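Values quoted throughout were computed directly from the atomic coordinates according to the rules given, and no laboratory measurement underlies them. With ideal geometry, Cβ positions are generated from the backbone for all residues, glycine too; neighbour counts draw on all protein chains shown.
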Amino acid sequence: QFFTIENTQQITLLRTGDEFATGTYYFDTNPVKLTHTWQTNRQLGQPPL
Amino acid sequence: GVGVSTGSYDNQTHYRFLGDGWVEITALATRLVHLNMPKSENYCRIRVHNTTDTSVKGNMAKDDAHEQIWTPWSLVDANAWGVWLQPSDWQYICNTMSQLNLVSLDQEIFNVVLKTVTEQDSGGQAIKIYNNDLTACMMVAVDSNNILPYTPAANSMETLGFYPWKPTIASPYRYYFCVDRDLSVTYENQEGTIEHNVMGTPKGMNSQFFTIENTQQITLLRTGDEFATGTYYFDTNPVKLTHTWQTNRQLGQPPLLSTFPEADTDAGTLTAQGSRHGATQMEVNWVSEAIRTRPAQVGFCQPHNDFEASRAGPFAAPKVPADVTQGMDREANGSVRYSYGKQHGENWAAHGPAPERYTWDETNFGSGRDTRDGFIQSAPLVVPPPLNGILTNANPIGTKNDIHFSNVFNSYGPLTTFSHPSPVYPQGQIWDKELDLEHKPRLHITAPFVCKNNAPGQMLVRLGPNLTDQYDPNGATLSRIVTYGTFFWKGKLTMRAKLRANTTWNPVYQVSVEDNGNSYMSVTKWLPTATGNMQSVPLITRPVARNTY
DNA sequence: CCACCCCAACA
DNA sequence: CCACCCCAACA
DNA sequence: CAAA
DNA sequence: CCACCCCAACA
DNA sequence: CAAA
DNA sequence: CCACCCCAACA
């Protein structure tokens, strides 16, 4: 699987007074919880009476 | 104020026959409850460290050391089957309906009674007079915001009476607290010592101390006060009231019969194995009913009697239910196990503080796995497998005799299937929250239905502190009047299910009640006695095939 | 606020 | 008059 | 179910 | 004139 | 896919 | 002026 940038992707020959900029890439990923747990298996349910 | 009632009494079971075998089962129940005064009006962080079953050497599966927290609040759980149905109903249900679901749930409380007792009678033998306090309270807290932990009381068989004409009691709310432990293994007598058996100080990291009188609202109920919740709609997956039996040897086109019997007592015969057409995933030249490529892996081989560890350390590792093969591995195919008291079974006329259970052995046959036929070959799958080219159930592992490889095996390939843990009429649970883990179990063993979203809010009940003439909080122990109370409770539980078809030819098994023998299924078992005791015996729900493949 | 062993002589 | 550890399944 |  | 073991992917 |  | 190995998240 031999690729070539100068074959697959476009090249924007930037000089000095040239500005290259991309668009706003929107993400479609699942959130991340900034919380930690500690409920083992011995710590899930009704404690003994 | 006082005089008129607040509620009714419905322990009825209403049926509705909709269009297209879409039945609607609305169950009700109004249990009368007794709730006494909490010993403490404090919050306690109590610990237990049984160093009498912990300081042995083999007694590991006896570790009962946990750091608990007691709440003056008394909980109310109705997340059971027995409370919502009768022996008949279930029979009509499980026996007729195919599948089943869970809809609404509307709890209600009324006709609150509050009385006081004055130990009197010194000018005699001793008598406790009982009178009312028409000014008293009964804090009711409904935690739906599910802020507090989830303690399915059905866990420790602490629910509401099953006998709708028998006063029951609540369950004092207590929840788990972070500690930390370390316990080492050891066999029978072993030598040396255990080393360390330590608890765990506050892990000012995992600490999670809550207060009902801080997180949840309290509706100070008097006598003429009625507390009632809204109709909680459920968003759970249905449950199939059908059982399977299609193993791996019973999925696809049976071999071609080139020879047929000529009269009862003379079976047929297939054609030359290594001449038989078909596929296989084994490099040999002869298709068998064991070699042959199937769709998937019916049931999986789980390590039985594990025993894993962590911070509170042990703990057995569950099993997803599966028959108990003709060898009754009963401990592998993780068949369960219950132990209930009168107020949930028992010969409501027995003695000795001795519980009673009924080992549940799933029906999801053709799924289970027999540990008395293990079996694993090597490279060139030479059929007449030598010895040094196999690993059976008797072949030691680790250097331990009675310690086999089936005890460690784990065949849970992306080619595995299996049925959901079926309900369990009496006792058995109903619904259960869901571990707030990024990733989650495919199922819970502890209950057929698992709300996909939030869950019902727990309903916590407490007596309100009734005070005396004296009370300086700078008082070590404070005086309070002996106060207790009755309230009724009513329940709406709604389910909607389908009516089964009848696709076979052969009748099929069902649930029935035989004459009076000695057989498990025999009336007397249910109907009361001279006096009036009453059993409840867990019954089967799923008696009926389902052609898996 | 009693109808033909349930919901419901339904509404 | 119970919805995803608060107000608030908001109104 | 974390956005909508 | 093939839809989730019936009528019936109904009309 | 068990409701809709 | 970044969308799922091309033109092209097309216009």
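Taking the stated definitions as given, is residue B:51 away from DNA strand G (no atom under 16 Å from the Cβ) and under 30 Å from residue B:316 (Cβ atoms)?
Judged against the criteria, residue B:51 is a match.
Among the candidates B:155, B:111, B:145, which residue alone is more than 14 Å from chain A (Cβ to nearest Cβ) and not in a loop (DSSP other than H, G, I, E, B)?
Of B:155, B:111, B:145, the one residue that is more than 14 Å from chain A (Cβ to nearest Cβ) and not in a loop (DSSP other than H, G, I, E, B) is B:111.
Looking only at residues that are under 36 Å from the mean Cα position of the chain (by Cα) and polar (S, T, N, Q) in segment B:467-494, which one is nearest to residue B:32 (Cα to Cα)?
B:486
Regarding segment B:294-302, can at least one residue be identified that is surrounded by fewer than 18 Cβ atoms within 10 Å (Cβ to Cβ), in contact (Cβ under 8 Å) with a residue 12 or more places away in the chain and not in a loop (DSSP other than H, G, I, E, B)?
yes
Quick one: would you say residue B:478 is closer than 22 Å to residue B:10 by Cα, away from DNA strand G (no atom under 16 Å from the Cβ) and in a loop (DSSP other than H, G, I, E, B)?
Criteria not met by residue B:478.
Could you figure out which of (1) more than 16 Å from DNA strand F (Cβ to nearest atom); (2) farther than 25 Å from residue B:414 by Cβ; (3) part of a loop (DSSP other than H, G, I, E, B) isn't true of residue B:284?
(2)
Can you tell me which residue among B:318, B:255, B:261 is within 14 Å of another protein chain (Cβ to nearest Cβ), of a type outside the set (A, V, I, L, M) and over 22 Å from residue B:376 (Cβ atoms)?
B:318
Please find, within segment B:1-22, the residue that is nearest to the chain's Cα centre (by Cα) out of those that are assigned to a strand (DSSP E or B) and near DNA strand C (Cβ under 9 Å from one of its atoms).
B:13
Looking only at segment B:238-286, count every residue that is under 27 Å from residue B:546 (Cβ atoms), in contact (Cβ under 8 Å) with a residue 24 or more places away in the chain and not hydroxyl-bearing (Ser, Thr, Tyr) and tell me the total.
13
May I ask you to list pairs of residues, at least six apart or on different chains, whose Cβ atoms are under 9 Å apart, with the first in segment B:130-142 being in contact (Cβ under 8 Å) with a residue 60 or more places away in the chain and hydroxyl-bearing (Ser, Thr, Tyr) and the second being surrounded by 22 or more Cβ atoms within 10 Å (Cβ to Cβ) and in a strand (DSSP E or B)?
Note: pairs meeting the criteria are B:135/B:114.
Would segment A:30-37 turn up any residue that is at the interface with another protein chain (Cβ under 9 Å from one of its Cβ atoms), more than 16 Å from DNA strand D (Cβ to nearest atom), polar (S, T, N, Q) and closer than 25 Å to residue B:308 by Cα?
No, segment A:30-37 has no match at all.
Given the criteria under 30 Å from residue B:169 (Cα atoms) and away from chain A (no Cβ under 14 Å), does residue B:331 qualify?
When the stated conditions are applied, residue B:331 does not pass them.
Report, ordered by the first and then the second residue, all pairs with beta carbons closer than 7 Å, sequence separation of six or more or different chains, a first member in segment B:434-454 that is closer than 20 Å to residue A:40 by Cβ, and a second member that is within 16 Å of DNA strand F (Cβ to nearest atom) and assigned to a loop (DSSP other than H, G, I, E, B).
Filtered contacts from segment B:434-454: B:443/B:420.
If residue B:174 satisfies every condition in (1) outside any loop (DSSP other than H, G, I, E, B); (2) out of contact with any helix residue (DSSP H, G or I) (no Cβ under 8 Å at 6 or more places or on another chain); (3) away from chain A (no Cβ under 14 Å) but one, which is the exception?
(3)
Restricting attention to segment B:442-454, which residues are out of contact with any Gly (no Cβ under 9 Å at 6 or more places or on another chain) and within 12 Å of another protein chain (Cβ to nearest Cβ)?
Residue satisfying the conditions is B:444 alone.
Counting only residues that are of a type in the set (A, V, I, L, M, F, W, C) and within 14 Å of chain A (Cβ to nearest Cβ), how many does segment B:295-315 have?
Adding up the residues that qualify gives 4.
What do you reckon, is residue A:44 in contact with a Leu (Cβ under 9 Å, 6 or more places away or on another chain) and within 16 Å of DNA strand D (Cβ to nearest atom)?
When the stated conditions are applied, residue A:44 passes them.
Cβ-Cβ under 8 Å, sequence separation 6+ or interchain: first residue in segment A:9-29 and without any contact (Cβ under 8 Å) to a residue 12 or more places away in the chain, partner within 16 Å of DNA strand C (Cβ to nearest atom). Which pairs?
Nothing qualifies.
Six or more apart or on different chains, Cβ under 8 Å: which pairs go from a residue in segment B:308-326 that's closer than 26 Å to residue B:366 by Cβ to one that's basic (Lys, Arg) and surrounded by 18 or more Cβ atoms within 10 Å (Cβ to Cβ)? Could you list them?
As it stands, the answer is B:322/B:369; B:325/B:369, since those pairs meet every condition given.
Give the number of residues within segment B:38-53 that are within 14 Å of chain A (Cβ to nearest Cβ) and more than 22 Å from residue B:211 (Cα to Cα).
Count: 3.
Kindly evaluate residue B:315 against the criterion of being within 19 Å of the chain's Cα centre (by Cα) and aromatic (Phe, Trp, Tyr).
In short, yes.
All but one of (1) closer than 30 Å to residue B:424 by Cα; (2) surrounded by 12 or more Cβ atoms within 10 Å (Cβ to Cβ); (3) more than 9 Å from every other protein chain (Cβ to nearest Cβ) hold for residue B:221; which doesn't?
(1)
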